[PDB]
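These notes concern the structure reproduced below.
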Amino acid sequence: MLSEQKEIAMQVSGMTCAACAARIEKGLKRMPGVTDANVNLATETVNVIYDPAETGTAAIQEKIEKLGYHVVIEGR
Ligand SMILES: [Cu+2]
């Protein structure tokens, strides 16, 4: 038992409104390693609270597509 938590921050694109933006994160929470998720669309950003041993980008990118969104990584 351990499972750390970390908070990523990333950009978003390809969206209707600051509401579907919630459902992507909230749906995304339902994957493994993820525990919370919070779209900070107030400043056009998204934050995802997950375990980066169990999750990573992988499941997130997979889901992001399926949810009908795309995120952008201007930070790396
Ligand atoms: Cu919407």
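For what it's worth, the authors' numbering labels the leading residue of the sequence shown as 1, then goes sequentially. Even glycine gets a Cβ: it sits at the ideal position worked out from N, Cα and C.
**Asked** Going by beta carbon distance, what residues of the same chain come within less than 8 Å of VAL71, once the five residues before and after it are set aside?
**Response** For the purposes of this step, residue 71 is taken as the residue at position 71 of the sequence shown. Excluding sequence neighbours, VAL71 sits near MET10, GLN11, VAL12, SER13, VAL46, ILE60, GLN61, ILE64.
**Prompt:** Can you list every residue whose CB sits closer than 5 Å to some heavy atom of ligand 1, going in chain order?
**Reply:** Any residue whose Cβ sits closer than 5 Å to a heavy atom of ligand 1 makes the list: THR16, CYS17, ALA19, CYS20.
**Item:** Burial state of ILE24 (16 or more Cβ within 10 Å)
**Value:** Within the sequence shown, the letter at position 24 stands for residue 24. Buried: at least 16 other Cβ atoms inside 10 Å.
**Item:** Proximity to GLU7 [Cα-Cα], best of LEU67, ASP51, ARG30
**Value:** Indexing the sequence shown from 1 puts residue 7 at position 7. Ranking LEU67, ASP51, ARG30 by Cα distance to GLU7 puts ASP51 first.
**Asked** Among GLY68, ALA42, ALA53, which has the Cα closest to the Cα of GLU4?
**Response** As a working mapping, residue 4 is identified with position 4 in the sequence shown. Ranked by how close their Cα comes to the Cα of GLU4, the residues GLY68, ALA42, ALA53 have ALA53 in first place.
**Item:** Residue burial classification, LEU28 (beta-carbon count within 10 angstroms, cutoff 16)
**Value:** For the purposes of this step, residue 28 is taken as residue 28 along the sequence shown, with counting starting at 1. The residue in question, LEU28, is buried, as its Cβ has 16 or more Cβ neighbours within 10 Å.
**Request:** Indicate whether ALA21 and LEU41 have their beta-carbon atoms separated by less than 9 Å.
**Result:** Working through the sequence shown from its first residue, we reach residue 21 at position 21. Working through the sequence shown from its first residue, we reach residue 41 at position 41. In terms of Cβ geometry, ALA21 and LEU41 form a close pair [threshold 9 Å].
**Request:** Tell me the start and end of each unbroken alpha helix (DSSP H) in the segment 28-71 that is at least 4 residues and wholly inside, in chain order.
**Result:** Entirely contained in the segment 28-71, the alpha helix (DSSP H) runs reaching 4 residues are, in chain order, 58-67.
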